[PDB]
Every structure is written in C-alpha cells, then in structure tokens.
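S.K.: Next up is a structure, given as structure tokens.
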Amino acid sequence: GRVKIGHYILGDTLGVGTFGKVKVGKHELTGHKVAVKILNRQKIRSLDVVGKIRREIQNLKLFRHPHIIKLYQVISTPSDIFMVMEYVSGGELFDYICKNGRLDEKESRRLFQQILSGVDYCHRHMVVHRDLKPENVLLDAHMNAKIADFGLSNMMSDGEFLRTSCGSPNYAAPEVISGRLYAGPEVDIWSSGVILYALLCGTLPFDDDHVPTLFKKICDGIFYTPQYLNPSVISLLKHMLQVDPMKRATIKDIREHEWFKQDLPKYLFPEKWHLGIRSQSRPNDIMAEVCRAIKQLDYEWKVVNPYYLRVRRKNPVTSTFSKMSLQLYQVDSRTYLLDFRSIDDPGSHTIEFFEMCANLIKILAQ
Amino acid sequence: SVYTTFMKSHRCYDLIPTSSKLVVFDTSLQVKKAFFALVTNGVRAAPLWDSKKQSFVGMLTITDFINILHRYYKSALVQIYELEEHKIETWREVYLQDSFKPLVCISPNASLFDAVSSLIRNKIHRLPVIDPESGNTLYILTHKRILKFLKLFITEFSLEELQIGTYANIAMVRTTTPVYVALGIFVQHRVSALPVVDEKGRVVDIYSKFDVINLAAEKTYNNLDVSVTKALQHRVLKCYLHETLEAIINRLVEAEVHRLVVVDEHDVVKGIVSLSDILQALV
Amino acid sequence: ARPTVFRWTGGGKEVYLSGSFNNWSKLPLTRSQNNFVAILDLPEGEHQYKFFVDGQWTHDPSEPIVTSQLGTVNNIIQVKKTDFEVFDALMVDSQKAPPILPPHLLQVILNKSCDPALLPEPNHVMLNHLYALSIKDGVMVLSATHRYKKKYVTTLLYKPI
Ligand SMILES: COc1nc(N(C)C)ccc1-c1cc2c(C(=O)O[C@@H]3O[C@H](C(=O)O)[C@@H](O)[C@H](O)[C@H]3O)c[nH]c2cc1Cl
Ligand SMILES: Nc1ncnc2c1ncn2[C@@H]1O[C@H](COP(=O)(O)OP(=O)(O)O)[C@@H](O)[C@H]1O
Ligand SMILES: Nc1ncnc2c1ncn2[C@@H]1O[C@H](COP(=O)(O)O)[C@@H](O)[C@H]1O
Ligand SMILES: Nc1ncnc2c1ncn2[C@@H]1O[C@H](COP(=O)(O)O)[C@@H](O)[C@H]1O
Ligand SMILES: [Cl-]
Ligand SMILES: [Cl-]
Ligand SMILES: [Cl-]
Ligand SMILES: [Cl-]
C-alpha cells in the first residue's frame with residue numbers, strides 16, 4: 001500500500017513550494033532519493049500560472065549547474081504534474097545558520113562563491129530567480145549550495161522590464177519593495193548580498209518587527225556591520241547593497257572583488273541622444289494625442305494598459321506587417337516621456353521601425 | 001589552395017564584431033549633410049535607404065565626394081552650388097545616368113570566399129552584410145578586416161618571384177600637383193591612392209581617397225587649387241621586390257594600411273601591391 | 001500503461017477504491033491528512049470506479065459520474081494520450097498612473113584612440129528601444145540597438161523631415 005510515481009515510492013513532505021507540496025521519493029530497487037513537486041493541473045489553472053510552469057519546466061530541463069537543483073523528469077497524469085528533481089539531505093541553509101551560528105570567513109566565502117556561480121548560470125541563461133533566500137538555498141551531504149525554488153523566477157527578454165514584487169520583504173531589493181520596474185539581475189544581486197550578510201553574521205541586515213521601519217531601512221540601505229566583519233567583505237556588501245540599481249554591483253564587479261577572488265575554485269566560472277519624446281502634458285492627454293495620430297497614419301493597434309499600445313502597420317511596398325510597442329513612463333514630478341520599442345516578427349525591419357516612429361514624432365511635443 | 005579552402009568554410013557572421021555601429025542615409029537627405037555625417041560618425045561608408053522603394057539602393061562612400069568635387073568644382077571664388085544643395089538621389093541620378101548599377105551585398109551565413117570573390121567580381125572595397133530573414137544591414141565588410149582574420153590563421157598554420165599586383169601604367173602625382181587634378185586622376189584611373197613623387201622619380205608621400213575626407217572635416221573643400229602636399233599638411237611605408245609575400249602581408253597588417261608601394265634601390269616608384277590583389281591571388 | 005492519480009478528499013478510518021480496472025476489488029488508499037491516494041497504471045480508455053469510504057459506497061461528486069440502467073452511480077474516467085505528455089497536458093490546460101522611468105533606459109552606448117565603428121555591449125533591457133537626436137537643420141537622426149544572433153548592431157538613420 002505504497003504510493004508510487006516513476007519507480008520511486010512517495011514519502012514524507014519536505015515542504016510546500018511556490019505552487020505545490022514537495023515530497024521525498026525513494027526508488028523501489030536502488031533506494032535512490034528524489035524530491036517530487038506535485039502540481040495539481042486544476043489548481044495551477046485556478047491561479048493562472050499554466051504559462052509560468054510551462055516556462056519553469058522548459059528552463060530547469062536544460063540547466064545543469066553543480067549548485068542548482070537538477071530536474072530529472074516531469075511525469076504528467078490526468079489529475080497532476082510531477083516534477084522529479086535531485087534530493088539533498090542537508091536541508092535548508094537557513095536552518096543550518098539557525099542550529100549552528102554564523103559561518104566563518106572561509107566557510108561563508110566558499111558557500112557564497114557556489115551560490116553566486118548558480119545565480120550567474122541562471123542570468124547567463126536569461127533566467128532571473130527572484131525570491132533568492134537561505135530558505136531556498138539547500139545543502140547536500142558535503143555542504144554544497146543548491147538553488148531550489150524557481151516558482152517565482154522569470155525570463156529576461158530583449159527590451160523588456162519586470163514588475164512583479166516577488167520574494168520575502170527582508171531579501172527583496174528596494175525597487176522590488178517600491179513596486180518599481182526592474183531589469184532582473186540587479187534584484188538577484190541584492191538578494192545574494194543579504195545571503196552573504198546572513199552567512200557572515202547569522203542575522204539579517206534589514207530586519208524589524210515594525211514592517212514600515214523595515215521597508216524604510218531597505219530603501220535607506222543602512223544596515224549594521226559587526227566588528228568581526230572584515231573591511232574587504234564590508235566593501236563587497238556596500239557595493240551589493242546599493243539602493244541605486246545603477247550604482248549596484250554586477251556579477252563581474254563581484255568576480256573582480258578581492259574578497260570573492262580568494263581561494264575561488266576554477267570549476268565555478270568558465271573563463272547628445274534622448275530616449276523617445278518627452279511631453280509635459282497630462283498622461284491621458286498624451287494618450288489622446290497619440291491615438292489620434294496613430295489612426296491619422298492608418299496604423300492598426302490594441303490597447304493593453306492605459307499607457308501601453310501594441311501598434312501594427314501594412315507596408316505599401318513590401319506588403320509586410322511591421323509592429324512596435326508604445327509605453328509612457330513618468331520622468332519628473334512635472335514631465336512624462338513616450339518610449340518606442342520594436343517587436344520582432346523584404347526590406348529592412350529596423351529601418352521600417354524608424355520611419356514608423358519618425359512619422360508619429362513629427363506630429364508631437366519634444 | 002591552402003588558404004582558399006579556409007575562406008570557403010568560415011561564414012561572414014564570424015567577422016561581424018560583438019557590438020557595431022551602422023550609419024544609414026535616406027536618399028532624400030542633402031548630400032553635403034551626408035558627407036559631414038560620415039565624418040562626424042567616424043564611418044567611411046553608409047548604406048542608402050530609398051523611402052519610396054522601401055529597400056537599400058546603394059552605398060555612399062568617399063569616391064562619391066571625389067566625384068562631386070571634381071565634376072562640379074569651378075574655383076575657390078565660387079561655391080560648389082550643387083554639393084551645397086543636392087540630395088543623394090538627385091546626385092545618384094546624374095552619377096549613374098544611362099550606366100546604372102544595383103546593390104551588391106552578402107548574407108552573414110555565406111562564406112568568406114563568396115564575399116572575397118564578390119569584392120573583385122564587382123570591383124568594390126566596401127561590402128554590406130545583410131541578413132535575408134530580417135532585411136537589416138548588420139556590418140560593412142572591408143579588405144582590411146578579411147586580411148586581418150586570415151593573418152591570424154597564416155601565423156598559427158618573394159614579390160618579384162610571385163608578381164602580385166599592378167606594376168605598369170601607374171597613376172601618380174607630383175608634390176606641386178593641385179588637389180583638383182589629383183581628384184581627376186582618382187576618377188579616370190579608378191584607384192584608391194596616388195603616390196606623391198619628387199623632382200626625380202623618387203616617392204616622398206601618398207595622397208589617398210581617405211585624405212579627401214579631411215576637406216569635408218576641416219570644411220576646406222571649396223579650395224581645390226592647393227597642392228597635394230599642402231592638403232597632406234593636416235598630418236611612408238615602402239616595400240622592395242627582394243622581400244617575401246608572407247613578410248609583405250605581415251608588414252601591411254602591422255601598420256594596418258590598404259596598400260604597399262613597390263620602390264627600387266634608389267627610392268623610385270616601380271609598382272603597387274594592394275589588399276585587392278593579395279585577396280585575388282588567395283582565391 | 002499511463003499512471004493515474006485517485007484522490008479521496010475527506011476524512012476516514014479506511015477508504016478503498018473499486019473499479020472496472022481491478023475487477024471491482026477493494027484497493028486501500030494511503031492517507032496523508034484529509035486526502036487518501038493511490039497512483040496506478042491505466043490502459044487509455046473508459047473506466048468506471050467507486051469508493052468504499054468507512055463502510056459506505058460513494059463516488060466523488062466533483063468528478064464525472066455515470067448513472068446506469070439499473071440505477072448504479074459510479075465515477076467515470078476517460079484516459080487521454082494528452083494527459084500522459086507534459087507539454088500536451090499544459091497546452092490543453094490553458095483552455096492608474098504611468099510607470100516611473102527605469103534608470104536603465106537612460107544608459108546609452110552611443111555617448112559612453114579606439115574604433116568609432118565599435119561600441120560597448122548593451123544590456124538586453126535597452127535593445128529595440130528608439131533613441132533620437134534633436135532635429136537640427138530640419139533633419140531627424142533616429143537610432144536603436146538590436147541583436148542578430150550573438151552579436152549587436154546600433155543602426156542610426158539620417159532622415160530629413
Ligand atoms: C494523499 O495524497 C498523497 N499522499 C502521498 N503519500 C506519501 C501518502 C503522496 C502523494 C499524495 C498526493 C497529494 C496531492 C495533492 C494535495 O495534497 O493537495 C493539497 O490538498 C489540500 C486539500 O485539498 O485539503 C490543499 O489544502 C493543499 O493546498 C493541496 O496542496 C494534490 N494532488 C496530489 C497528488 C498526490 Cl499523489
Ligand atoms: N553595395 C554597393 N552597390 C553598388 N554600388 C556600390 C556599393 N558600395 C559602393 N558602391 C559604389 O562603388 C563606388 C566606389 O566605392 P568604394 O570602392 O567603396 O570607395 P572607397 O575606396 O572610399 O571605399 C562608388 O561610386 C559607390 O557608390
Ligand atoms: N597608383 C596606382 N596606379 C595603378 N594601379 C593602381 C594604383 N593603386 C592601385 N592600383 C590597382 O588598382 C586595383 C585596386 O586597388 P585599390 O583601389 O588600391 O584597393 C589593384 O589592381 C591595384 O594594383
Ligand atoms: N603605402 C603607404 N605607406 C604609408 N602610408 C600609406 C600608404 N598608403 C596609404 N597610406 C596612408 O593611409 C592613409 C589613407 O588610408 P587608406 O586609404 O584607408 O589606406 C593616409 O594617412 C596615408 O598616408
Ligand atoms: Cl515550506
Ligand atoms: Cl529512509
Ligand atoms: Cl546528499
Ligand atoms: Cl538567518
């Protein structure tokens with residue numbers, strides 16, 4: 001009377017992931033242990049994440065990094081979807097930091113290099129694992145880091161930003177807690193910086209029971225540096241925990257940092273213009289001005305957000321459809337700018353895009 | 001046949017740099033603004049887009065400037081009225097009257113040998129790399145770049161004896177020769193550079209098609225009466241026939257020049273060996 | 001042939017699964033909490049089943065049923081080929097103020113010796129976005145960075161108006 005999927009006998013629940021329970025699986029014959037994420041088909045469609053799971057499975061299937069949990073196979077049934085992945089005995093890195101204290105400089109450095117190697121592999125593969133925390137970093141029998149919950153991860157697409165505020169407030173970046181738009185990698189660097197602090201101190205750099213003061217502390221970027229902390233790592237933490245994403249460290253900046261470089265194993269790494277047009281009018285006036293000009297050019301469109309437009313044009317020569325995306329952003333407390341983005345599908349696609357923009361610019365403000 | 005096979009394998013895409021800049025002019029653009037744009041953007045050639053035709057019709061180079069200048073110059077006392085007020089299409093209609101020429105281009109997926117042969121076949125120095133799926137121009141393939149990659153593979157894996165290039169009926173200028181006259185020679189002979197000779201046959205300097213953009217840059221094009229030397233005051237590699245072809249190819253890329261002048265024992269001109277000839281022999 | 005999950009969501013001391021697929025033999029279901037389950041291989045076709053929850057016979061009301069000529073009410077299952085393959089199953093399953101300008105878009109590669117033809121590698125985020133120069137002397141200069149395979153090209157068009 002044992003529950004079986006594949007040839008693994010399903011056992012104890014390891015935890016409850018982003019979209020389902022994760023149970024241990026022990027092979028009938030070999031005794032090999034796996035972790036099985038159970039996704040109920042009817043539940044994943046309820047909280048419309050069918051696309052999220054489709055992508056998540058697609059990515060994790062082609063990944064292969066020694067510090068990211070391997071997805072061995074996906075077993076599908078009429079009722080549920082079973083994600084069979086590699087099992088690690090050591091459990092949460094968080095629990096390790098709870099039971100034992102803070103890790104020593106050498107220990108912390110080792111684990112941080114491993115975690116960052118994985119965070120890098122993800123980014124290199126245009127995948128940004130939002131929700132990066134010690135609770136999601138698992139340890140194996142030999143104390144090796146293993147990134148695990150890709151439920152809140154997302155794709156990095158050429159020319160687009162992400163909005164979704166994902167992780168735990170303590171690990172979330174200021175722009176994430178501020179619900180502002182982000183590129184992706186910077187928010188993982190911030191989270192990794194908090195993971196590094198957790199490793200060296202055994203506590204959180206930004207933590208308060210009073211949620212508003214916690215959010216202020218994060219956006220102010222001010223955190224305590226204990227006396228035992230080596231100035232060189234304080235330097236790295238300062239560079240990683242920058243409230244300005246443009247002033248914040250990149251994997252390359254970290255890779256180049258003298259504290260990170262130390263004892264770093266070989267195997268870990270493989271080595272007068274203006275944007276659009278700015279108009280000081282009211283946001284909806286700008287939207288009325290653009291729509292009346294788009295139709296004036298006889299271009300087709302679809303209104304996504306009240307400030308997002310997906311415009312199409314029929315070429316009178318090549319008889320080809322050329323499409324672009326228009327988005328209005330707020331610059332100052334006084335000005336707003338309209339952004340033009342070409343959407344990928346004869347003559348030149350790129351030049352056809354410029355002519356499309358130029359026409360609309362001629363009938364518009366600054 | 002050793003290097004010849006190597007070119008037939010490698011795709012054009014392999015030579016496109018990681019991050020490039022491409023300048024494109026709409027045919028309706030005023031031609032003076034177009035040359036000044038080449039100068040300001042630091043680009044030697046720029047493809048042309050016909051808005052009505054919705055396709056790349058041709059390319060604007062320094063030869064176009066040499067052609068306008070010589071064809072329409074009157075004196076330093078009068079403006080080159082046409083150059084001042086002429087569109088790229090208006091001039092391309094005059095330049096290519098009955099004698100019409102279409103656009104020569106290569107796909108990034110096409111081989112290096114396909115591109116080298118296309119340079120000599122159409123008698124051209126600048127070749128646009130256009131992706132057929134997108135229709136977008138990506139990079140402009142030059143002899144200097146192709147011979148740079150082939151020099152890296154030559155290292156890892158005589159001039160009179162082999163006899164490579166043109167050595168007879170050489171087009172040259174004197175120290176005192178006016179710019180207008182030199183521009184005329186560049187037109188009738190269809191050559192990239194004119195070697196500057198002294199009182200005797202000895203070579204002192206070299207005025208090239210490139211040195212003509214300085215007239216556009218410094219806005220000194222209205223006076224073509226000035227001597228070739230006077231024009232070259234805004235800023236000479238010579239080879240002998242007792243030197244090996246591999247050492248001749250090595251000396252060229254070491255200074256990154258478009259051609260080498262064949263000089264005798266008494267510094268006098270005997271012939272010329274250009275990047276067009278080296279790549280012709282290795283095909 | 002294809003694995004099928006049989007889950008009873010309720011309480012119980014003992015729950016069994018009877019079906020056409022096992023000659024209506026009482027198969028016991030393992031309990032986690034308020035769920036009783038059994039995963040078993042089924043031949044892709046029609047199968048009828050019932051539950052023996054603590055001395056009482058029942059069907060799962062949320063699952064499809066079939067009332068018989070004799071008045072028997074059993075649950076029914078139609079095992080599909082699309083149910084067994086991941087992406088086939090996921091394909092069938094799928095059936096205010098303006099945002100603040102991200103600082104990333106202000107980081108141009110055109111403004112930031114060397115070669116004028118060459119430019120720095122751009123952040124994916126600023127690709128396909130239109131940048132422009134101020135219309136000086138009635139001529140518009142438009143520029144954008146796009147990527148062809150593993151390489152990037154910043155095309156700038158000089159267009160009059
Ligand atoms: C008894 O079930 C199991 N026992 C096993 N062992 C080791 C005895 C092994 C696997 C399962 C199993 C569980 C589930 C499942 C599940 O537990 O879903 C939960 O149901 C709860 C509920 O309805 O009360 C909600 O609260 C909650 O969110 C939601 O995850 C969904 N689909 C499944 C498919 C299988 Cl094979
Ligand atoms: N792809 C092309 N198709 C047609 N004509 C071209 C093309 N590229 C250049 N031309 C023409 O070739 C002629 C010579 O140019 P070129 O050899 O490129 O000069 P440069 O020595 O400055 O590089 C010019 O009249 C120019 O318009
Ligand atoms: N000064 C020159 N006189 C005669 N032929 C030349 C001269 N310069 C170049 N050539 C020839 O013109 C062809 C194209 O060379 P180039 O335009 O210099 O890249 C080659 O066959 C050269 O040998
Ligand atoms: N044979 C040569 N020896 C030395 N400099 C040369 C030679 N040919 C051309 N140049 C220089 O190359 C520049 C012209 O560029 P290009 O036509 O691209 O080779 C000028 O600065 C010339 O002085
Ligand atoms: Cl959990
Ligand atoms: Cl066990
Ligand atoms: Cl283990
Ligand atoms: Cl902690």
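Count begins at 1; order follows the chain as displayed.
Yeah, the Cβs are placed from backbone N, Cα and C, and that goes for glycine too.
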S.K.: Among A:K33, A:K37, A:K61, which is the one Swiss-Prot gives for the ATP site where A:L14, A:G15, A:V16, A:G17, A:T18, A:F19, A:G20, A:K21, A:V22 also bind?
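M.R.: Site partner of A:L14, A:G15, A:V16, A:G17, A:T18, A:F19, A:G20, A:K21, A:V22 for ATP, according to Swiss-Prot: A:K37.
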S.K.: Where Swiss-Prot marks phosphothreonine, which residue is it, choosing among A:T164, A:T318?
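M.R.: That would be A:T164, per the phosphothreonine annotation in Swiss-Prot.
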S.K.: Consult Swiss-Prot and report the residue, out of A:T203, A:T250, A:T335, annotated as phosphothreonine.
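M.R.: The candidate carrying the phosphothreonine note in Swiss-Prot is A:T250.
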S.K.: Do any residues at least six apart in sequence from A:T250 (phosphothreonine), in the same chain, have a Cβ closer than 8 Å to its Cβ, and if so which, in order?
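M.R.: Residues satisfying the criterion: A:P185, A:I189.
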S.K.: Can you give me the Cα-Cα distance between A:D131 (active site, proton acceptor) and A:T18 (ATP binding site) in Å, rounded to a whole number?
M.R.: 10
S.K.: Taking the 12-residue hole in the deposited chain, the Cα-Cα distance from A:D345 to A:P346 is how many Å?
M.R.: 12
S.K.: Considering only the recorded positions A:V22, A:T164, A:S333, which fall within 10 Å of A:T13 (phosphothreonine) when distances are taken between Cα atoms?
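M.R.: Cα within 10 Å of A:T13 (phosphothreonine): A:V22.
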S.K.: Cα-Cα, whole number of Å: A:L14 (ATP binding site) versus A:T164 (phosphothreonine)?
M.R.: 27
S.K.: If you count CB neighbours within 10 Å, which one among the binding-site residues A:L14, A:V16, A:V22 has the smallest count?
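M.R.: Among the binding-site residues A:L14, A:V16, A:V22, the lowest count of other Cβ atoms within 10 Å belongs to A:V16.
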S.K.: Do you have the Cα distance in Å for A:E271 and A:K272? The stretch of 115 residues between them isn't modelled.
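M.R.: Per the coordinates, A:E271 lies 36 Å from A:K272, Cα to Cα.
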S.K.: In the same chain, outside A:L14, A:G15, A:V16, A:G17, A:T18, A:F19, A:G20, A:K21, A:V22, A:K37, whose C-beta lies within 8 angstroms of the Cβ mean position for the ATP site?
M.R.: A:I38
S.K.: What's the CA to CA span in angstrom from A:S333 (phosphoserine) over to A:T164 (phosphothreonine)?
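M.R.: Computed Cα spacing between A:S333 (phosphoserine) and A:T164 (phosphothreonine) is 24 Å.
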S.K.: Rank the recorded positions A:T13, A:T18, A:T164, A:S333 by the number of other Cβ atoms within 10 Å of each Cβ, and give the residue at the low end.
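M.R.: Fewest other Cβ atoms within 10 Å, among the recorded positions A:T13, A:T18, A:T164, A:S333, is found for A:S333.
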